[PDB]
**Q** 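Quick one: structure below, then a few questions.
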Amino acid sequence: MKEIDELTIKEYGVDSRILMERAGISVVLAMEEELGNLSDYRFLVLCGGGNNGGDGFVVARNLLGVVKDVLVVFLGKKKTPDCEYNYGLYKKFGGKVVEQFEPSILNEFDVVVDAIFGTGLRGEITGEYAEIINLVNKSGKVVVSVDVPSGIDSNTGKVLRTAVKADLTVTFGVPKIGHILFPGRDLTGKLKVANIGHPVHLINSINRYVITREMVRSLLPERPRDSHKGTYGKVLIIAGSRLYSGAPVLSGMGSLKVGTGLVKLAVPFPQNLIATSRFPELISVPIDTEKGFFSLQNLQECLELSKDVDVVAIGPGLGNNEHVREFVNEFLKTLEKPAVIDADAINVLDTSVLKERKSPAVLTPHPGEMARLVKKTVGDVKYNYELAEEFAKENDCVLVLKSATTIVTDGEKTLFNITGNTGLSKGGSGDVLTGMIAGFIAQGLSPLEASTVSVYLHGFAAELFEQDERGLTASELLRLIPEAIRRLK
Amino acid sequence: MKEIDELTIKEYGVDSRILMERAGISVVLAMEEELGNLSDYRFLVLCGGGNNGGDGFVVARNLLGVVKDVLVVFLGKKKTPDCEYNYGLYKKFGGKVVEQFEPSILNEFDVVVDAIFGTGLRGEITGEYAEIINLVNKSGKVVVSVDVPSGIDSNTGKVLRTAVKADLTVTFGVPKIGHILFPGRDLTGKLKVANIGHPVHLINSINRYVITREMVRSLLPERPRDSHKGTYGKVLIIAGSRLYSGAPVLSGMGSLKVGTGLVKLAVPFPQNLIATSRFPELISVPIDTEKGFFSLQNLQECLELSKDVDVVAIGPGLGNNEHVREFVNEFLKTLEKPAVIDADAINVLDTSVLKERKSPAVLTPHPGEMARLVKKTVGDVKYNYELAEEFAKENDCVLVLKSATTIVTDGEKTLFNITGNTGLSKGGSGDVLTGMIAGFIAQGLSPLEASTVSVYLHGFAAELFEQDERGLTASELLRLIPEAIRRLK
Amino acid sequence: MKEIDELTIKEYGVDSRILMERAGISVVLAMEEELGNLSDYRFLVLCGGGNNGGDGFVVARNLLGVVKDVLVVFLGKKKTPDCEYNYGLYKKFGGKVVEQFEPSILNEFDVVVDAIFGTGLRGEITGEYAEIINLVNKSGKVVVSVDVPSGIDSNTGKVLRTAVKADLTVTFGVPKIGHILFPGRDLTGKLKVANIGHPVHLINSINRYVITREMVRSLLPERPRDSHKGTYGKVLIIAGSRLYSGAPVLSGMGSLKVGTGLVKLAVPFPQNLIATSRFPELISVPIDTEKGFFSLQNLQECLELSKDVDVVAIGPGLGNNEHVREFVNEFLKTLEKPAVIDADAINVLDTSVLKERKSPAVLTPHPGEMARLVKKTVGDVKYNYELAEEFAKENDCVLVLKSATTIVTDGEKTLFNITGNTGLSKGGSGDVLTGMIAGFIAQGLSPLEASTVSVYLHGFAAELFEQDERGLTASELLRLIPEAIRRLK
Ligand SMILES: CC(C)(COP(=O)(O)OP(=O)(O)OC[C@H]1O[C@@H](n2cnc3c(N)ncnc32)[C@H](O)[C@@H]1OP(=O)(O)O)[C@@H](O)C(=O)NCCC(=O)NCCS
Ligand SMILES: CC(C)(COP(=O)(O)OP(=O)(O)OC[C@H]1O[C@@H](n2cnc3c(N)ncnc32)[C@H](O)[C@@H]1OP(=O)(O)O)[C@@H](O)C(=O)NCCC(=O)NCCS
Ligand SMILES: CC(C)(COP(=O)(O)OP(=O)(O)OC[C@H]1O[C@@H](n2cnc3c(N)ncnc32)[C@H](O)[C@@H]1OP(=O)(O)O)[C@@H](O)C(=O)NCCC(=O)NCCS
Ligand SMILES: CC(C)(COP(=O)(O)OP(=O)(O)OC[C@H]1O[C@@H](n2cnc3c(N)ncnc32)[C@H](O)[C@@H]1OP(=O)(O)O)[C@@H](O)C(=O)NCCC(=O)NCCS
Ligand SMILES: CC(C)(COP(=O)(O)OP(=O)(O)OC[C@H]1O[C@@H](n2cnc3c(N)ncnc32)[C@H](O)[C@@H]1OP(=O)(O)O)[C@@H](O)C(=O)NCCC(=O)NCCS
Ligand SMILES: CC(C)(COP(=O)(O)OP(=O)(O)OC[C@H]1O[C@@H](n2cnc3c(N)ncnc32)[C@H](O)[C@@H]1OP(=O)(O)O)[C@@H](O)C(=O)NCCC(=O)NCCS
Ligand SMILES: [K+]
Ligand SMILES: [K+]
Ligand SMILES: [K+]
C-alpha cells in the first residue's frame, strides 16, 4: 500500500492532501458508526509527525465545533508536509495542540484517537513514546487507532516493544498483514477498511487475500440434480494405528460432511472396526499389519485401493517410526493421484518426494510440524508467510500452515483465514480439516481452492457451536459443518 | 461469628442493641420479599431466652400495628440482657406475650417465626421444647427461622434430637456450617444471609467459604486467541480394566469438555477401543496386560506416557487386587507430575506415598473411600470437614470429599460446594469429575483452584438437565458441561 | 415529629442510637431502590454536627467496603451525642473524614448525600454552608437528601436563603410540611417516607394528613343498585352573568360527572341557553335580570329553586358589583341548605354571614380570593395553613385554599392535596371543582369529606390527560373525571 498511495498520487494525479482528508473523515464516520452520536464525547488525539499523525490532525479538525471537547497532543519533532498542512488547518480552525503528554490528561477525555505511528514504524518503540502507549493501555478509555495500532509492525503483526490495544482500528484501502496475524490481530480490535479513493484496479492488484464469505460462496461446487455418488468424488484415507484409532473416523466424516460421494479408510485391523461402529456410512478397510502400524508390506494393497479414487489423504494417527516413514515415502513417490499430507505423514516425509511427484499435493502442518519439516524452530516458522510461499513454490505444493490465523499458499497466491475460535485448539480438529480438503478436491476443486474453502468452513463451523467454545470437540464440529455450508449459501 | 459479634461490639464499639435491631428488621424484610405484603398475615413468634429470642422480640415488635395479628410465646426461664431489653420494648409497644404453648394456638396463625434457639444451642433438645418443635413441624404453617432452624447444630448441621423444618431461614453476617451440611441444609429451606452491620473486614476474615458463581467465574482460565492445543494442557488418564471398561471414556471426556487441549488414556487392551468408538477425539493407548488389569509390568510404559503430559489422573475402573495396588503405589511414588487420585487408586493407596511425593495431588474420595483410607467408619468421616482438613495438611494434598455438599480443602482453606442434584448419585458421575479436575490443572489452575471450579461446574451441569434429574446419566452430564461454562460466564 | 422521636425514646424506651441506625440504613436501602446496585458508585457524604449529620455518618459507615468510594466532609463545629457516636463508628470502621470542602472534590464522586441540616435548621443559611450548597446544586451529581433537603424550613417549605435541590429525599416516620408545600416540594424530588421504628400509634396521632388514594377510595360513596336519581342528590348552581356565560356549564357538569343525580343551574337569561346547547342533560333555568347580573330582585326565585335540592353552589361567573354583593349575602343568610361558595361569591362575601348561618359551607378560594377575604396580602395567605385553620374554626366552615398543593381544613383536621399539574392553572378549572364538591355533598359526604375527595379526583383527572398538560382545558378535564374515578377504585 505504500506503493498504492504513491501510484495514486504520482500516476493517477490525486493530490496527497485529498487522500489524507479522505483518510481522516473515514475515521470520524467509523467512530460514529460504533459510538453513535459523537457530540457527547471528549476526544484526545495523539499525533505523530508522520502521515499517520497528519490523518490524526484531519480527524481532530473535523471534530471541532461538533463534539464536547478535542485536544491534540503532538508527539513528534518534525512533520511531513501533509502533516504540517493539516496541523496548520487544525490550528486555523481554532484547535488546541499541546506538546507534552501529562498522564492525568487522560482523566478529562472519553476517547483516545491513536495517530502516533502507522505503517511507517520501524524498530522498537522506546522512551517517552513507550511510556505514553503504556499509559493509554492502562487508562480504560475507548481507543481508536488510525491505520494500525501504534507499535504493531504492519508487515508481520509483531509488537515493536509495546503497542496500543485498540477497540476500533480504521485502515485505508486494504487490511495490512499486521491486522491479520497475531499479536497484531488481537491489538486491532474491530477492523474497518475504508475506501479513501485509490483506483479499484490498484486495490485489486494485491496478491495476498483475506478469505471472505463471498469468495468461499463462489468456490463451493455445484450440486447437479441428476447426480450419483461418483459425481461427488471418491476419497481414500490412509490413517490410524493401534495407538491412534480415532483419527481415521474424524478424517473420513470430514470428507462426507462436505458432500463427498464415497469415502473409504484404510486402517490397521481391528482398529478399522471403530469407524463403522460410530458411522456405518464409512467404508473402513481392514489392513493386516505386523504390529499395528502401516509398513512396506502394506504398500501394494494401499496402491490398489488408490486406483479407484480421486484423492488420497494420508497421515492422521499413523504413528511415527521407521517402518511408517518407509511406507509413507514409497507410497507418495508411487501414487499418481492428488494427496493431502497431514500429521505423522508430514513428520516422516522426505521432501525430495514432493519434488519428484507429477501429481499435486496439499500439506497441512501446524507450526511444530512445519518447523520439523524445514529444520527450523517454531518461532522461525510461525506466521512466516514468506517461508510458506518459498516452500510451496520450491516443492510444487499447496501449504496450509495452521494457526489461529491460517495461511494457505501455492507460492503465487497467499490467503489468510480468520474464522475459528479456541475450541479448535484441541486434538481431532486437524484430522477433520484433512478430510474436508480431500473431499473438496475429490469434488473437483483445485488443491488451492479446496484448501481455501475448507479452512474457512472449518473455522466457521467452530463458531456455530451453541455453548462455550472451550467445550467444542471434533465430533461436534462434524455435526456443524453442514450448517456452516447452509449459512454460507 | 460468635467471635465476629464480640469484636464488633467490644473493639469496634457497635452497641449490642443495634446489632439485634438490625438482625430483627432483616428478618421482617426477608419475609416481605418471600411473602409479599405482610399486612394480611397473622404471626406466631416463638422466642427463647437467649439472643435468638431477643431477635424474635425485635421481629415481633416491628410487626405490631402493620400485620393482622402478632403473638409471642416466650419459652425460656431467664433472658439475656438484650433479650430482656427487646421483651420490654415489645410489651411497651402493646405486644401480647404468653408463656404457655397451647397446641391449638397454631390454628389461629399463618406464619410461625422460629426464634427459640440459634447458634447457642448445645446438646439434645428434650421435654417441652421438643414437643413444641414437633407440633410446629406437623402444623403445615409457613415457618421462618431466625439465624438457624432451632435444633440444628450450627457447627455440624446435625439435628440435636429434633429440629424445626423452615421454609425460610434468615442468618446474620455469614452462613453457618449447619446451613451447608446435611441434614441442616435440608431443614434450612431457602437461606438469606443478612448484613447486620459487622465490618466487612471481619466478615472477610473467615477461612471457610461457600463456592459461588462469582468465585468460579474469576478462576476460569483465559482462552488466548493465538493458542494451540498445548496451550490448554495435556492429560494422561490411567484407568479401566476388563471389568470396568467405561470409566476411562467418562474421565477422558470430562477433561476435553472443560477445554483441555490433549487427552490420552492408558487402558488395558482391547478395552481401550471402547473409548475411541464412542469419542474418536480421545487418544486411547492399548496396554498389554496379563489378565486385564494394570500391574507392575506396565509401570515403565505408564511412566513413559507421563513424560509428555502436564497432569496424570489415575484410578477410575482400575480394579482392586494386589497387583493393581503394587502398580498404583510404585507409579505414584515415581511420578513427578501432579496426580488426581480417584476410585480404585484411593482404595489401594499407601498414604506414605503421598508424604514422599514432591509433586502435588488431588484425592477425590466419596465417604466410603475416605473411611477406608483413614481406617474409620463412614459415619465418622461423612461431612467431617476437620478430619478432611487434617488429612490434607498431613499429606500435603487437596482433598475433595464428595457428597451432596462437597468439601474441598488443602488444610488451610476449606470450600463447600452446594451445586448438584440426586442425578449425580449414580455410577459414572465421579469418573467425569476426575477428568474435569485433571483438565483444569493441565490448563494451569492450582490443584485447589481446579478442584473448586470442577465441583461447582459438575454440579451446575447436573442442574441444567432438562428432564427429571433421576434420569441423568454421566454421558448426558458430559454434554451439559459446556452449557454450564457458558452460563457461568 | 420532634415530639415523636422524644416520646419514642423517653416513654417507649427505644435507644436514640437505634433510631439513628434505622434512619441511616433506610437511606441506603432507598438509594439502592433508585440507583440499583450501589457497588459501582462513589459517595460524598456531607455531614452537619446535628442529628441529621449523625444519620449521614450512619449512611457513610454502612457504605464502607461495599461501594467504590465513600468520603465524608464534616461541616460542623460540634456534634450532638448521637452524631459523635456515629462519627466515632465511621472512623473505627476505616472511614475517611475531611473538614474542608474543596470545590473540585465534587469531580471525584457520583452521588452526594446531603446530611447537613434537617428539621433543626433555624434561620437563613449564610457563609460557607451557603457556598457549599450552591456548589452541590451546580455540580450535576445525583443528590440524596437525608430527612429534608438542607435549607428548607420543614414547617413551611420556604427556602432559608438557599437550599439543596435533591433527586431523592428520604424522610423518617411521616412527611414534613416542607416536603408538601412549595418551594420545598420542588426541591425534595422523589420522596420516600421510611419506617424507623416509631410506634404506629404515635405516627397515627398526627392531625394533618396527605390525601392518599386509599383515603379517597374509602370515602367514595356507595352506588346501591336499586337507586334512582334522588338517591344521588340534587344540586342547584347559582352562577353566570352576561359577562361570564361559561362558568355555570363547567360547574354543572362537574356535579354530574361525579355521580350526582340531578343538577339545575340558575343563570341570567339568555346565557342559561348556553348550558343546554352544550350538555342537554343539565337543567338550566332562565332568570330574568335587569342588566345581566343577579340582584335582590332574584332573591325569592333562587330561594324557591333551593327548596328541592340538597346543596347549593354559588359564585362562578356571577360578576362583582354592588347588586351581586347584596344578593349573595342576603341569599346565604337565608339559605338553610349546605352551600359551596366560590369565585365572585367569595369576592363579595360578608363573613358575618358565615357566622350566623346554621347550615354548613365550603369556601373554595385561590390565594388572591383568600387575601381579599381576610384583608391581607397574597404572600401572607399563600400556603398559610395556620391562617386557613383559624379562618375555618372561626367561621364554622370548610376552607379549600387552592394552589399547586391544596389545603383543605375544617379547623380541626387539615389535609394536603398533591395531585394535579399546571394544566389546571387555567380559567375554568376552579368552576369544575366547585361542581364536584357540591355533587359529593349532595351524595351524602360531609363538607370535609366531599372537599377531600374532590380536590384529589380533580387533580388526578388532570394527570390522566393524554397530551401535553399545558393544552388541558376544563372541558377535557370533565371528560377525564369518570376515568379518575375508575382508576381510583
Ligand atoms: C507515508 C507512508 C508511505 C509511510 O510513512 P508515514 O506514513 O509518514 O509513517 P508513520 O506516520 O507511520 O511514522 C513515521 C514516523 O514514525 C516515527 N518513528 C518510526 N520508528 C520509530 C521508532 N521506533 N522510534 C521513534 N519514532 C519512530 C517517526 O516519528 C517517523 O518519522 P521519523 O523517523 O523521521 O521521526 C504510508 O505508508 C503511510 O503510513 N500512510 C498510510 C496511508 C494514509 O495514511 N493515507 C493517506 C495519507 S498519505
Ligand atoms: C500425540 C503425542 C505424540 C503428543 O504430541 P503433540 O502435542 O500432538 O506434538 P506435535 O508434533 O503435534 O507438536 C506440538 C508442538 O507444535 C507447536 N505448535 C503447534 N501449534 C502451534 C501454534 N499454533 N503456535 C505455536 N506452536 C504450535 C508447539 O511447539 C507444540 O508444542 P507444545 O504442545 O509443547 O506447546 C503423544 O501424546 C502421544 O499421543 N503418544 C505418546 C507416545 C510416546 O511418545 N511415549 C510412550 C511410548 S508408547
Ligand atoms: C450470643 C451468641 C454468642 C450465642 O448465645 P445466644 O445467642 O444467646 O444463644 P441462643 O439464643 O441460641 O440460645 C441460648 C439458650 O438456648 C437454650 N439451650 C441451649 N441448649 C439447650 C438444651 N439442649 N435444652 C434446653 N435449652 C437449651 C437455653 O435457653 C440457652 O440459654 P440457657 O442454657 O442459659 O437456658 C451468638 O452466637 C448468637 O446466637 N447470636 C447470633 C447473632 C445475632 O443473633 N445477632 C445480633 C444479636 S447479639
Ligand atoms: C463396583 C462394585 C465393587 C460395587 O461397589 P460400590 O457400590 O461402588 O462400593 P464403594 O467402594 O464405591 O462404596 C460404597 C459405600 O460408600 C459409602 N458412601 C458413598 N457415598 C456416600 C455418601 N455420600 N454418604 C454416605 N455414604 C456414602 C456407603 O457406605 C456406600 O455403601 P452402600 O452403597 O452400601 O450404601 C461392584 O458392583 C462391581 O462393579 N464388581 C463386582 C465384583 C465382585 O466383587 N464380585 C464378583 C467377582 S468378579
Ligand atoms: C433532633 C431533632 C429534635 C432536631 O435537632 P437536630 O436533628 O440535631 O437538627 P439538625 O441536624 O437539622 O441541625 C442542627 C444544626 O443545624 C445547624 N444550624 C441551624 N441553623 C443554622 C443556621 N441558619 N446557620 C448555620 N447553622 C445552623 C447547626 O449546626 C445546628 O446546631 P448548632 O446550631 O448548635 O450549631 C430532630 O427533629 C431531628 O432533626 N432528627 C430527625 C429524626 C432523625 O434524624 N432520626 C433519628 C435520629 S435522632
Ligand atoms: C376575570 C377578570 C376579572 C380577571 O381576573 P383574575 O385573573 O381571574 O383575578 P382573580 O381575582 O381571580 O385574582 C388573581 C390573583 O390571585 C392571586 N393568585 C391566584 N392563585 C394564586 C396562587 N396559586 N399563588 C399565588 N397567587 C395566586 C394572584 O395575585 C393573581 O394575580 P395575577 O393573575 O396578576 O398573578 C377579567 O379578565 C374579566 O374577565 N373581566 C374584565 C372586566 C373589567 O374589569 N373591565 C372592563 C369592564 S366590562
Ligand atoms: K496509529
Ligand atoms: K431459631
Ligand atoms: K439534609
Side-chain angles (χ1 to χ4, degrees), chain A residues 1-6 8-9 16-24 26 46-56 58 75-80 82-83 113-130 144-152 154 160-161 163-164 166 169 171-173 176 182 194 196-198 243-244 317 319-320 343-344 346-347 365-372 377-379 381-383 401-406 425 427 430, chain B residues 226-234 236 261-264 266 283 285 287 301-309:
Chain A
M1 269 286 141
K2 182 200 205 300
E3 242 172 285
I4 304 293
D5 281 343
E6 202 199 318
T8 298
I9 296 151
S16 62
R17 287 178 289 179
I18 297 168
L19 294 176
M20 182 165 289
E21 187 75 14
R22 297 263 313 251
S26 91
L46 303 181
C47 294
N51 296 142
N52 200 241
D55 294 339
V58 173
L75 313 172
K77 302 211 217 328
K78 72 208 182 35
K79 294 177 181 86
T80 65
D82 295 321
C83 182
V113 178
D114 162 38
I116 303 166
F117 310 125
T119 66
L121 183 53
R122 308 265 180 281
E124 302 284 290
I125 296 177
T126 34
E128 297 189 351
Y129 285 109
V144 180
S145 287
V146 180
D147 210 8
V148 298
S150 299
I152 289 317
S154 73
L160 297 163
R161 201 166 100 87
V164 170
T169 298
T171 197
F172 313 119
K176 277 45 166 195
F182 290 89
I196 67 168
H198 304 109
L243 293 184
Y244 301 114
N320 161 3
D344 283 321
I346 298 171
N347 293 334
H366 62 64
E369 287 161 344
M370 182 68 185
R372 284 193 294 259
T377 73
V378 167
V381 311
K382 194 168 182 186
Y383 293 133
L401 177 65
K402 295 184 303 197
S403 279
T405 296
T406 290
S425 293
Chain B
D226 188 27
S227 51
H228 62 278
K229 62 170 171 185
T231 311
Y232 299 119
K234 303 182 191 192
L236 171 68
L262 188 54
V263 180
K264 52 181 190 192
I283 296 166
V285 171
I287 301 293
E301 187 172 14
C302 288
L303 292 159
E304 298 292 311
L305 287 167
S306 295
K307 300 199 174 166
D308 297 313
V309 303

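Order of appearance sets the numbers: ligands from 1, and atoms from 1 within every ligand. Within every chain, numbering begins at 1; the chains are lettered A, B, ... in the order of the sequence lines, protein sequences first and strands thereafter.
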**Q** Considering non-hydrogen atoms of the protein only, which is the closest contact for atom 24 (N) of ligand 1, and what is the distance?
**A**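 Result: A:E124 O, 4.1 Å.
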**Q** What residue and heavy atom of the protein are closest to atom 12 (O) of ligand 2, and at what distance?
**A**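 Answer, as residue, atom name and distance: A:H366 NE2, 2.8 Å.
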**Q** So does A:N52 have any N/O/S atom less than 3.4 Å away from the K ion (ligand 7)?
**A**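 Short answer: yes, at least one N, O or S atom is under the cut-off.
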**Q** At less than 3.4 Å, would any N/O/S atom of A:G48, backbone or side chain, sit next to the K ion (ligand 7)?
**A**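 It does not: A:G48 brings no N, O or S atom closer than 3.4 Å to the K ion (ligand 7).
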**Q** Are A:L160 and ligand 1 in contact, using a heavy-atom cut-off of under 4.0 Å?
**A** no
**Q** Taking atom types as modelled, is there a side-chain donor on A:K176 or A:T171 under 3.5 Å from an acceptor on the other?
**A** yes
**Q** Which ligand 1 atoms are under 4.0 Å away from a heavy-atom of A:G123?
**A** 23 (N)
**Q** To check your reading of the model: name the closest protein heavy atom to atom 6 (P) of ligand 2, its residue, and the distance in Å.
**A** B:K234 NZ, 4.1 Å
**Q** Which residue supplies the protein heavy atom nearest to atom 8 (O) of ligand 1, what is that atom called, and how far is it?
**A** A:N51 N, 3.0 Å
**Q** At less than 4.0 angstrom from any non-hydrogen atom of A:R122, what atoms of ligand 1 do you find?
**A**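 Counting from 1, the qualifying ligand atoms are 19 (C), 20 (N), 21 (C), 22 (C), 23 (N).
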**Q** Please classify the B:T231 to ligand 2 contact at 4.0 Å (heavy-atom distances, strictly less than): side chain, backbone, both or neither.
**A**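 For B:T231, there is no contact with ligand 2 at all, from either part.
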**Q** Among all protein heavy atoms, pick the one closest to atom 1 (C) of ligand 2 and tell me residue, atom and distance.
**A** A:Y244 OH, 3.6 Å
**Q** Tell me the protein heavy atom at minimum distance from atom 42 (C) of ligand 2, and give that distance in Å.
**A**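 So the nearest neighbour among protein heavy atoms is B:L305 CD2, 4.1 Å.
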**Q** Under 3.5 Å between some N or O of ligand 2 and some N or O of B:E301?
**A** no
**Q** With heavy-atom distances below 4.0 Å as the criterion, list the atoms of ligand 1 near A:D147.
**A**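 Result: 41 (C).
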**Q** Less than 3.5 Å apart, any donor N or O on the side chain of A:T405 or A:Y383 sitting next to an acceptor on the other?
**A** no
**Q** What protein heavy atom sits nearest atom 21 (C) of ligand 1, and how far off is it?
**A** A:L121 CD1, 3.4 Å
**Q** Consider every N or O of A:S403 and every N or O of ligand 2, then say whether any pair is closer than 3.5 Å.
**A**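 There is such a contact, yes.
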**Q** Nearest to atom 43 (C) of ligand 1 by heavy atom, A:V148, A:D55, A:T126: which?
**A**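 The option holding the nearest heavy atom is A:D55.
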**Q** To the nearest 10°, what's the angle at the K ion (ligand 7) between atoms O (A:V146) and O (A:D114)?
**A** 90°
**Q** Can you tell me which residue and heavy atom of the protein come closest to atom 41 (C) of ligand 2, and the distance to 0.1 Å?
**A** B:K264 NZ, 3.6 Å
**Q** Looking only at protein heavy atoms, which one is nearest to atom 29 (O) of ligand 2, and how far off is it?
**A** A:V378 CG2, 3.8 Å
**Q** Would a distance-only check, ignoring hydrogens and angles, find a side-chain to backbone donor-acceptor pair under 3.5 Å from A:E369 to A:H366?
**A** yes
**Q** Compute the angle centred on the K ion (ligand 7) spanning O of A:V148 and OG of A:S150, and express it rounded to 10 degrees.
**A**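 Rounded to 10°, it measures 100°.
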**Q** Is ligand 1 less than 4.0 angstrom away from at least one heavy atom of A:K78?
**A** yes
**Q** Is it the side chain, the backbone, both or neither of A:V146 that has a heavy atom closer than 4.0 Å to ligand 1?
**A** neither
**Q** Look at atom 5 (O) of ligand 1 and say which protein heavy atom is nearest, naming residue and atom and giving the distance to 0.1 Å.
**A** A:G120 CA, 4.0 Å
**Q** For atom 45 (N) of ligand 1, what's the nearest protein heavy atom and its distance?
**A**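 So the nearest neighbour among protein heavy atoms is A:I196 CD1, 3.8 Å.
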**Q** Could you tell me whether ligand 1 has any atom less than 4.0 Å away from a heavy atom of A:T119?
**A**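 For ligand 1, residue contact (heavy atoms, under 4.0 Å) with A:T119 is present.
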**Q** Report the member of A:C83, A:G53, A:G50, A:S150 with the shortest heavy-atom distance to atom 14 (C) of ligand 1.
**A**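 Residue with the shortest heavy-atom distance to the ligand atom: A:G50.
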**Q** Checking the side chain of A:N52 only, and the main-chain atoms of A:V146 only, is there a donor and an acceptor separated by less than 3.5 Å?
**A** yes
**Q** Given 3.5 Å as the limit, does a donor-acceptor pair link the side chain of B:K264 with the main chain of B:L305, or not?
**A**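 Yes, because the side chain of B:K264 sits within donor-acceptor range (under 3.5 Å) of the backbone of B:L305.
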**Q** Students should be able to answer this: which protein heavy-atom is nearest to atom 4 (C) of ligand 2, and at what distance?
**A**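 Heavy-atom neighbour on the protein nearest atom 4 (C) of ligand 2: B:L262 CD2, 3.9 Å.
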**Q** With nothing but distance in play, are any N or O atoms of B:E304 less than 3.5 Å from an N or O of ligand 2?
**A**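 No; every N/O pair is 3.5 Å or more apart.
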**Q** Identify whether the distance between the nearest side-chain nitrogen and carboxylate oxygen of A:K382 and B:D226 falls below 4.0 Å.
**A** yes
**Q** Near A:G368, which atoms of ligand 2 are under 4.0 Å from a heavy atom of that residue?
**A** 16 (O), 17 (C), 18 (N)
**Q** Using heavy atoms and a threshold below 4.0 Å, how should the contact between B:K307 and ligand 2 be classified: side chain, backbone, both, or neither?
**A**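 Contact part for B:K307 vs ligand 2: neither.
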**Q** Mark yes when over 12 heavy atoms from residues, nucleotides or ligands other than B:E304 sit less than 6.0 Å from its CD; otherwise mark no.
**A** yes
**Q** For atom 40 (N) of ligand 1, find the nearest protein heavy atom and state the residue, atom name and distance (0.1 Å precision).
**A** A:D5 OD2, 4.0 Å
**Q** Counting N and O atoms only, with roles assigned by atom type, does the side chain of A:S403 sit under 3.5 Å from a partner on the main chain of A:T406, one being a donor and the other an acceptor?
**A** no
**Q** Under 3.5 Å, N or O to N or O, is B:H228 touching ligand 2 that way?
**A** yes
**Q** A:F117 heavy atoms, cut-off 4.0 Å: which ligand 1 atoms fall inside?
**A**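 In order of numbering, the contacting atoms are 12 (O), 16 (O), 17 (C), 18 (N), 26 (N), 27 (C).
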**Q** Just which atoms of ligand 1 are under 4.0 Å from any heavy atom in A:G118?
**A**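 Every atom of ligand 1 under 4.0 Å from some heavy atom of A:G118: 10 (P), 12 (O).
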**Q** Is it true that atom CD of A:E124 has more than 12 heavy atoms of other residues, nucleotides or ligands lying nearer than 6.0 Å?
**A** yes
**Q** I need the nearest protein heavy-atom contact for atom 3 (C) of ligand 1: residue, atom name and distance, please.
**A**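 For atom 3 (C) of ligand 1, the nearest protein heavy atom comes out as A:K2 CG, 3.5 Å.
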**Q** Within ligand 1, which atoms have a heavy atom of A:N52 less than 4.0 Å away?
**A** 11 (O)
**Q** What's the shortest distance from atom 44 (O) of ligand 2 to any protein heavy atom, and which residue and atom give it?
**A**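 Scanning the protein heavy atoms, the shortest distance from atom 44 (O) of ligand 2 goes to B:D308 OD2, 4.1 Å.
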